[PDB]
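Engineer: Sharing protein.tsv (TSV, C-alpha atoms) below.
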chain	number	residue	atom	x	y	z
A	1	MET	CA	74.21	235.38	-57.11
A	2	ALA	CA	77.41	233.41	-56.44
A	3	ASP	CA	80.84	234.38	-55.22
A	4	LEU	CA	83.63	232.40	-53.49
A	5	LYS	CA	83.81	231.81	-49.71
A	6	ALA	CA	86.80	231.48	-47.30
A	7	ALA	CA	88.07	228.06	-48.35
A	8	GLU	CA	87.14	228.75	-51.99
A	9	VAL	CA	89.20	231.96	-52.35
A	10	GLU	CA	92.08	230.59	-50.18
A	11	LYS	CA	92.03	227.50	-52.44
A	12	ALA	CA	91.98	229.64	-55.60
A	13	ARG	CA	94.77	231.95	-54.33
A	14	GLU	CA	97.02	229.07	-53.21
A	15	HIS	CA	96.72	227.38	-56.59
A	16	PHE	CA	97.07	230.72	-58.40
A	17	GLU	CA	100.40	231.30	-56.64
A	18	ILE	CA	101.50	227.72	-57.20
A	19	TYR	CA	101.08	228.31	-60.97
A	20	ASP	CA	103.30	231.45	-61.01
A	21	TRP	CA	106.31	230.10	-62.82
A	22	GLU	CA	107.98	233.15	-64.33
A	23	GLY	CA	107.90	234.89	-60.99
A	24	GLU	CA	105.45	237.72	-61.67
A	25	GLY	CA	101.96	236.49	-60.81
A	26	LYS	CA	100.42	235.61	-64.17
A	27	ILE	CA	98.71	232.45	-65.24
A	28	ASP	CA	98.04	231.31	-68.76
A	29	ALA	CA	94.87	230.61	-70.66
A	30	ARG	CA	96.27	227.26	-71.61
A	31	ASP	CA	97.19	226.54	-67.93
A	32	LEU	CA	93.66	227.36	-66.87
A	33	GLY	CA	92.75	223.75	-67.91
A	34	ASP	CA	94.73	221.75	-65.30
A	35	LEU	CA	94.33	224.64	-62.88
A	36	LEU	CA	90.46	224.43	-62.79
A	37	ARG	CA	91.01	220.68	-62.69
A	38	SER	CA	93.31	221.14	-59.64
A	39	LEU	CA	90.47	223.06	-57.99
A	40	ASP	CA	88.45	219.79	-58.24
A	41	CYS	CA	85.84	220.84	-60.73
A	42	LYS	CA	85.92	218.56	-63.80
A	43	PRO	CA	85.69	220.22	-67.30
A	44	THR	CA	86.02	219.46	-70.95
A	45	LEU	CA	88.52	221.57	-72.94
A	46	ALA	CA	85.30	222.82	-74.50
A	47	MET	CA	84.16	224.05	-71.04
A	48	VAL	CA	87.57	225.72	-70.56
A	49	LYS	CA	87.81	227.55	-73.94
A	50	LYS	CA	84.24	228.78	-73.39
A	51	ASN	CA	85.67	231.10	-70.70
A	52	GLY	CA	88.79	232.12	-72.58
A	53	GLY	CA	91.37	229.34	-72.87
A	54	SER	CA	93.95	228.40	-75.55
A	55	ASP	CA	95.49	225.50	-77.52
A	56	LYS	CA	98.91	227.10	-77.67
A	57	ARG	CA	101.13	228.53	-74.96
A	58	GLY	CA	101.33	232.24	-74.44
A	59	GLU	CA	98.43	233.88	-76.25
A	60	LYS	CA	96.59	235.59	-73.41
A	61	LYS	CA	97.96	236.03	-69.85
A	62	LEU	CA	95.33	235.90	-67.10
A	63	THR	CA	95.45	237.68	-63.70
A	64	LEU	CA	93.67	237.10	-60.32
A	65	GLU	CA	91.08	239.69	-61.50
A	66	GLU	CA	90.39	237.30	-64.37
A	67	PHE	CA	90.84	233.97	-62.55
A	68	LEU	CA	88.23	234.61	-59.80
A	69	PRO	CA	85.58	235.74	-62.44
A	70	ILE	CA	86.33	232.44	-64.19
A	71	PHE	CA	85.72	230.24	-61.11
A	72	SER	CA	82.57	232.13	-60.06
A	73	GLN	CA	81.23	231.55	-63.59
A	74	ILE	CA	82.33	227.87	-63.48
A	75	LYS	CA	80.41	227.09	-60.22
A	76	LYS	CA	77.12	226.88	-62.23
A	77	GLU	CA	77.24	223.84	-64.53
A	78	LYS	CA	75.42	220.88	-63.19
A	79	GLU	CA	76.13	217.90	-65.48
A	80	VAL	CA	79.50	216.48	-64.38
A	81	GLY	CA	78.63	212.75	-64.62
A	82	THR	CA	77.60	210.11	-62.07
A	83	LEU	CA	78.43	206.37	-61.85
A	84	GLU	CA	75.16	205.00	-63.10
A	85	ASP	CA	74.99	206.53	-66.58
A	86	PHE	CA	78.34	204.82	-67.22
A	87	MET	CA	77.00	201.47	-66.00
A	88	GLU	CA	74.24	201.43	-68.60
A	89	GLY	CA	76.67	202.96	-71.05
A	90	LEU	CA	79.35	200.30	-70.66
A	91	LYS	CA	76.74	197.48	-70.60
A	92	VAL	CA	76.33	197.97	-74.36
A	93	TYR	CA	79.56	195.99	-75.05
A	94	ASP	CA	77.79	192.80	-74.04
A	95	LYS	CA	76.92	189.98	-76.31
A	96	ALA	CA	76.34	187.15	-73.74
A	97	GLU	CA	75.58	188.70	-70.30
A	98	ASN	CA	79.05	188.65	-68.79
A	99	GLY	CA	79.82	192.30	-67.76
A	100	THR	CA	83.31	191.62	-69.01
A	101	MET	CA	85.53	193.49	-71.41
A	102	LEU	CA	88.61	192.32	-73.26
A	103	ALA	CA	91.60	194.67	-73.11
A	104	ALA	CA	92.23	194.69	-76.87
A	105	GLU	CA	88.63	195.82	-77.67
A	106	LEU	CA	88.88	198.19	-74.69
A	107	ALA	CA	91.97	200.07	-76.05
A	108	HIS	CA	90.18	201.13	-79.22
A	109	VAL	CA	87.39	202.99	-77.31
A	110	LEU	CA	89.88	205.12	-75.34
A	111	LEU	CA	91.76	206.27	-78.45
A	112	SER	CA	89.31	206.91	-81.20
A	113	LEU	CA	86.62	209.54	-80.57
A	114	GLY	CA	86.50	212.63	-78.31
A	115	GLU	CA	89.08	214.73	-76.39
A	116	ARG	CA	91.01	211.46	-76.48
A	117	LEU	CA	93.88	209.56	-74.76
A	118	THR	CA	97.17	208.29	-76.37
A	119	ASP	CA	98.86	204.95	-77.15
A	120	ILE	CA	101.05	205.84	-74.19
A	121	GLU	CA	98.12	206.58	-71.81
A	122	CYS	CA	96.63	203.21	-72.80
A	123	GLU	CA	99.91	201.44	-71.96
A	124	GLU	CA	99.40	203.13	-68.56
A	125	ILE	CA	95.81	201.71	-68.16
A	126	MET	CA	97.10	198.24	-69.06
A	127	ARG	CA	99.72	198.61	-66.32
A	128	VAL	CA	97.18	199.04	-63.55
A	129	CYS	CA	93.99	197.00	-63.99
A	130	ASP	CA	92.61	193.47	-63.55
A	131	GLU	CA	92.90	191.24	-66.63
A	132	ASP	CA	92.71	187.38	-66.34
A	133	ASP	CA	93.40	184.12	-68.26
A	134	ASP	CA	91.24	184.75	-71.35
A	135	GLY	CA	91.90	188.43	-70.76
A	136	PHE	CA	88.67	190.00	-69.54
A	137	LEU	CA	88.44	193.16	-67.59
A	138	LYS	CA	85.29	193.69	-65.55
A	139	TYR	CA	83.23	196.93	-65.70
A	140	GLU	CA	82.28	197.13	-62.00
A	141	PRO	CA	85.87	197.32	-60.41
A	142	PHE	CA	87.02	199.36	-63.40
A	143	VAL	CA	84.58	202.30	-63.18
A	144	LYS	CA	84.84	202.27	-59.39
A	145	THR	CA	88.67	202.56	-59.51
A	146	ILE	CA	88.37	205.45	-61.99
A	147	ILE	CA	86.05	207.37	-59.65
A	148	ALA	CA	88.17	206.28	-56.63
A	149	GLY	CA	91.09	207.99	-58.34
A	150	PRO	CA	94.85	207.28	-57.88
A	151	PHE	CA	94.90	205.79	-54.33
A	152	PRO	CA	91.68	204.22	-52.90
A	153	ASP	CA	93.44	201.93	-50.39
A	154	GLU	CA	96.14	200.38	-52.57
A	155	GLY	CA	97.76	202.55	-55.17
A	156	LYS	CA	100.91	202.41	-57.32
B	1	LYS	CA	78.32	240.30	-54.02
B	2	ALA	CA	79.88	243.75	-54.40
B	3	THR	CA	83.45	242.63	-53.80
B	4	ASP	CA	85.62	245.77	-54.16
B	5	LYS	CA	86.75	244.87	-57.70
B	6	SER	CA	83.09	244.71	-58.95
B	7	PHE	CA	82.61	248.37	-57.90
B	8	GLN	CA	85.42	249.75	-60.18
B	9	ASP	CA	83.64	249.14	-63.43
B	10	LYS	CA	80.33	250.60	-62.18
B	11	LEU	CA	82.14	253.83	-61.24
B	12	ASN	CA	83.58	254.08	-64.78
B	13	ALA	CA	80.48	253.00	-66.66
B	14	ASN	CA	77.62	254.96	-65.05
B	15	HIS	CA	78.14	258.59	-66.06
B	16	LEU	CA	81.79	259.30	-65.41
B	17	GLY	CA	84.46	258.17	-67.94
B	18	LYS	CA	83.88	261.17	-70.25
B	19	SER	CA	83.75	264.03	-67.69
B	20	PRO	CA	86.91	266.29	-68.05
B	21	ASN	CA	88.40	265.62	-64.57
B	22	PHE	CA	87.90	261.84	-64.60
B	23	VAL	CA	90.66	259.96	-66.31
B	24	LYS	CA	90.69	256.35	-67.43
B	25	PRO	CA	92.71	253.61	-65.56
B	26	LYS	CA	95.88	251.71	-66.44
B	27	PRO	CA	94.43	248.37	-67.81
B	28	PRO	CA	93.90	245.45	-65.32
B	29	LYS	CA	93.20	242.88	-68.07
B	30	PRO	CA	96.17	241.03	-69.40
B	31	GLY	CA	97.88	242.82	-66.47
B	32	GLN	CA	98.56	241.68	-62.94
B	33	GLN	CA	97.21	243.57	-60.08
B	34	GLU	CA	94.30	245.50	-58.81
B	35	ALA	CA	91.65	247.80	-60.30
B	36	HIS	CA	91.25	251.62	-59.95
B	37	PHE	CA	90.18	255.02	-61.28
B	38	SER	CA	92.03	258.34	-61.87
B	39	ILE	CA	91.05	261.95	-61.03
B	40	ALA	CA	92.63	265.47	-61.44
B	41	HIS	CA	93.64	268.65	-59.58
B	42	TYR	CA	95.59	271.79	-60.51
B	43	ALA	CA	98.72	270.57	-58.67
B	44	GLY	CA	98.72	267.06	-60.11
B	45	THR	CA	96.55	263.96	-60.77
B	46	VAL	CA	95.52	260.97	-58.58
B	47	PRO	CA	95.51	257.08	-58.97
B	48	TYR	CA	92.52	255.72	-57.09
C	1	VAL	CA	99.42	204.56	-122.08
C	2	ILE	CA	96.11	202.81	-121.98
C	3	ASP	CA	94.84	200.89	-125.00
C	4	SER	CA	91.12	200.27	-125.71
C	5	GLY	CA	91.50	196.96	-127.62
C	6	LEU	CA	93.32	195.43	-124.68
C	7	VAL	CA	91.02	197.06	-122.08
C	8	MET	CA	87.92	195.79	-123.94
C	9	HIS	CA	89.18	192.17	-123.64
C	10	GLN	CA	90.42	192.66	-120.10
C	11	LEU	CA	87.42	194.32	-118.36
C	12	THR	CA	85.10	191.70	-119.85
C	13	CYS	CA	87.43	188.90	-118.80
C	14	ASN	CA	88.47	189.69	-115.17
C	15	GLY	CA	85.05	188.97	-113.71
C	16	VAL	CA	84.45	192.70	-113.48
C	17	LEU	CA	80.87	193.31	-114.76
C	18	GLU	CA	79.54	190.42	-112.74
C	19	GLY	CA	81.95	191.46	-109.97
C	20	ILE	CA	80.25	194.82	-109.64
C	21	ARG	CA	76.69	193.30	-109.84
C	22	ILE	CA	77.01	191.69	-106.40
C	23	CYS	CA	79.99	193.39	-104.74
C	24	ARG	CA	78.32	196.73	-105.31
C	25	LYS	CA	76.21	196.18	-102.17
C	26	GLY	CA	79.16	194.22	-100.78
C	27	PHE	CA	80.96	195.83	-97.87
C	28	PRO	CA	84.52	197.29	-98.02
C	29	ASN	CA	84.67	198.21	-94.32
C	30	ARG	CA	84.41	195.41	-91.71
C	31	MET	CA	85.30	195.60	-88.02
C	32	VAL	CA	83.58	194.49	-84.74
C	33	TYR	CA	80.16	194.99	-83.16
C	34	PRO	CA	81.23	195.30	-79.39
C	35	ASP	CA	83.77	198.12	-79.92
C	36	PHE	CA	81.46	199.97	-82.35
C	37	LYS	CA	78.45	199.62	-80.05
C	38	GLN	CA	80.56	200.73	-77.08
C	39	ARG	CA	82.41	203.55	-78.80
C	40	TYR	CA	79.07	205.05	-79.81
C	41	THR	CA	76.67	204.36	-76.95
C	42	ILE	CA	75.65	207.80	-75.51
C	43	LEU	CA	75.21	209.53	-78.89
C	44	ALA	CA	71.60	208.54	-78.35
C	45	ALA	CA	71.16	209.87	-74.76
C	46	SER	CA	67.60	210.64	-75.85
C	47	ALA	CA	66.85	207.09	-77.00
C	48	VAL	CA	69.03	204.51	-75.17
C	49	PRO	CA	69.16	204.74	-71.34
C	50	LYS	CA	67.69	203.03	-68.21
C	51	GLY	CA	69.58	200.29	-66.42
C	52	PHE	CA	70.33	197.67	-69.04
C	53	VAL	CA	69.59	197.27	-72.72
C	54	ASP	CA	69.75	194.43	-75.20
C	55	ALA	CA	72.92	193.13	-76.81
C	56	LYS	CA	71.73	193.63	-80.38
C	57	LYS	CA	68.85	196.11	-80.27
C	58	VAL	CA	70.87	198.99	-78.77
C	59	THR	CA	72.94	199.45	-81.95
C	60	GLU	CA	70.26	201.07	-84.14
C	61	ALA	CA	69.74	204.23	-82.12
C	62	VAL	CA	73.49	204.41	-81.44
C	63	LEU	CA	74.24	204.28	-85.21
C	64	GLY	CA	71.21	206.39	-86.21
C	65	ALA	CA	71.82	209.12	-83.58
C	66	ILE	CA	73.56	211.29	-86.18
C	67	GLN	CA	70.85	210.15	-88.58
C	68	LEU	CA	73.01	207.66	-90.57
C	69	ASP	CA	71.47	205.92	-93.59
C	70	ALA	CA	69.97	202.45	-93.48
C	71	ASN	CA	71.34	201.49	-96.87
C	72	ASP	CA	74.92	202.18	-96.07
C	73	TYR	CA	75.73	199.88	-93.17
C	74	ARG	CA	74.80	196.26	-92.21
C	75	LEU	CA	74.27	194.32	-88.99
C	76	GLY	CA	76.41	191.29	-88.41
C	77	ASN	CA	77.07	189.10	-85.37
C	78	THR	CA	80.67	189.56	-84.33
C	79	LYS	CA	81.90	191.56	-87.32
C	80	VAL	CA	80.29	194.84	-88.31
C	81	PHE	CA	80.17	195.95	-91.95
C	82	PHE	CA	80.17	199.35	-93.57
C	83	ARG	CA	80.38	201.09	-96.86
C	84	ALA	CA	82.93	203.61	-98.07
C	85	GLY	CA	81.87	207.33	-98.09
C	86	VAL	CA	79.12	207.52	-95.43
C	87	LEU	CA	81.11	206.02	-92.50
C	88	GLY	CA	84.50	207.77	-91.97
C	89	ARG	CA	83.56	211.46	-92.05
C	90	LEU	CA	80.49	210.84	-89.90
C	91	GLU	CA	82.99	208.90	-87.79
C	92	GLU	CA	85.35	212.01	-87.54
C	93	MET	CA	82.30	214.00	-86.64
C	94	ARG	CA	81.90	211.83	-83.58
C	95	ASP	CA	84.77	213.77	-81.87
C	96	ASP	CA	82.85	217.05	-82.23
C	97	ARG	CA	79.62	215.24	-81.24
C	98	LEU	CA	80.88	213.07	-78.32
When written as structure tokens, how does the structure in this file appear?
Structural biologist:
Amino acid sequence: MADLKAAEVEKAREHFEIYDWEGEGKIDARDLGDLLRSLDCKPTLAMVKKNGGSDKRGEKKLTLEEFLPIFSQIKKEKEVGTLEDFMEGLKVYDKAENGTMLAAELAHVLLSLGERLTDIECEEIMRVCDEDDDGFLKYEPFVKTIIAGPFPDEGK
Amino acid sequence: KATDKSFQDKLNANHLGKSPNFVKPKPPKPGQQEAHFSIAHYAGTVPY
Amino acid sequence: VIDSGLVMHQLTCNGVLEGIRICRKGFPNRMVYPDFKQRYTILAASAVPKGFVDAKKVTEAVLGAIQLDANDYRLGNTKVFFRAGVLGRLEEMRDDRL
């Protein structure tokens, strides 16, 4: 059976309190998304709504009695993603054995299908990452900076 | 894994709940705080 | 107002009967093979995995993951070609399926 240890309940309580915005002690079923995320477990909105979560604001208000029985349920799912699936995945772009990826063709994949990102979030990607003269990005530094997160060594 | 909270629901579900001196709690869910039961005397009644 | 005397001259004369006879199988949707291969890829997590996979050959299982009919698309080299109907709604469906 699973429950939550010392640093797991302290972590959950800290973040719980951090989310109290009205000044009562409630959290929202919409806020659950970025809250579980803040706990450093990585869901889909599908994974969130599976344990009572909402599109809109202010539908159901969750307590600590509900929050901890979310996280204990969430500590079970195994498939979160690796690096290597994504290697093989993003090799499929190729046409000539380059491992490269033009920014234009790369914007369309971020927008079109899924949970999705915006025009705006794409303008953010094309702030940060290594183009060149023709305009290739490169899959190996790209995926690695995604998994590295905001600040590997450099960061802006 | 019997963290105090887990015990509340057991004590309501398994053969109390309907007995005339056991009263039902003030809802935890969409609420705030804690978990409990409620019981009765002649002089008054008790939040547990 | 539509007139049949006029329309009878005009639909003969605009290259229309002949211009369905080919352009019937002709493709009204046309985009690019790299994006479309890469936007689809893991739909076939049963069929396409394991290190590295061909430039061309990967596309069939990544199209045909959600079945998709072999009449109503066509392989091309840089540009990819589709029909009307079959593509778009099965393409919406790729949000719910991805």
Engineer: Using only C-alpha atoms, determine which residues lie at most 10 Å from region 25-38 of chain B, disregarding the query and same-chain residues fewer than 3 positions distant; provide the list as JSON, numbers by chain.
Structural biologist: {"A": [24, 25, 26, 27, 28, 60, 61, 62, 63, 64, 65, 66], "B": [4, 5, 6, 7, 8, 9, 11, 12, 17, 21, 22, 45, 46, 47, 48]}
Engineer: Using only C-alpha atoms, find each residue of chain A with at least one atom at most 10 Å away from an atom of chain C; report its shortest atom-to-atom pair and that distance in Å (one decimal), sort the rows by chain and rising residue number, and return the result as a tab-separated table.
Structural biologist:
residue	atom	partner	partner_atom	distance
A:46	CA	C:96	CA	10.0
A:84	CA	C:51	CA	8.0
A:85	CA	C:49	CA	7.7
A:86	CA	C:42	CA	9.2
A:87	CA	C:51	CA	7.5
A:88	CA	C:51	CA	5.3
A:89	CA	C:41	CA	6.1
A:90	CA	C:38	CA	6.5
A:91	CA	C:52	CA	6.6
A:92	CA	C:38	CA	5.7
A:93	CA	C:34	CA	4.7
A:94	CA	C:55	CA	5.6
A:95	CA	C:55	CA	5.1
A:96	CA	C:55	CA	7.5
A:97	CA	C:55	CA	8.3
A:101	CA	C:34	CA	9.2
A:104	CA	C:35	CA	9.6
A:105	CA	C:35	CA	5.8
A:106	CA	C:35	CA	7.3
A:107	CA	C:35	CA	9.3
A:108	CA	C:35	CA	7.1
A:109	CA	C:39	CA	5.2
A:110	CA	C:39	CA	8.4
A:111	CA	C:39	CA	9.7
A:112	CA	C:39	CA	8.0
A:113	CA	C:95	CA	4.8
A:114	CA	C:95	CA	4.1
A:115	CA	C:95	CA	7.0
A:116	CA	C:95	CA	8.6
Engineer: As a count of residues only, please: the residues near region 74-81 of chain A (cut-off 8 Å, only C-alpha atoms, same-chain neighbours under 3 positions excluded).
Structural biologist: 6
Engineer: Grab the CA of residue 33 (chain A) to CA of residue 53 (chain A) distance for me, in Å with one decimal place.
Structural biologist: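 Between these atoms lies a distance of 7.6 Å.
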Engineer: How many Å lie between CA of residue 29 (chain A) and CA of residue 9 (chain A), rounded to one decimal?
Structural biologist: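 These two atoms are separated by 19.2 Å.
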Engineer: For CA of residue 35 (chain A) and CA of residue 12 (chain A), quote the distance in Å rounded to one decimal.
Structural biologist: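 Computing the Euclidean distance for CA of residue 35 (chain A) and CA of residue 12 (chain A) yields 9.1 Å.
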Engineer: Identify, on the basis of all atoms listed in the file, every residue whose closest approach to region 138-144 of chain A does not exceed 7 Å; exclude the query and any residue fewer than 4 positions from it along the same chain; express the result as a VMD selection string.
Structural biologist: chain A and resid 99 to 101 148
Engineer: Please provide the set of residues having any atom within 12 Å of residue 15 (chain A), restricted to only C-alpha atoms, with same-chain residues fewer than 2 positions apart removed, written as a ChimeraX atom specification.
Structural biologist: /A:7-13,17-21,25-27,31-32,34-40,64,67-68
Engineer: So that I can check the surroundings of residue 30 (chain C), please list as a VMD selection string every protein, DNA and RNA residue that reaches within 12 Å of it, counting all atoms listed in the file and ignoring chain neighbours fewer than 5 positions away.
Structural biologist: chain C and resid 36 73 to 84 87
Engineer: Nearest to chain B: which of A:72, A:155, A:50, A:41 is it, counting only C-alpha atoms?
Structural biologist: A:72
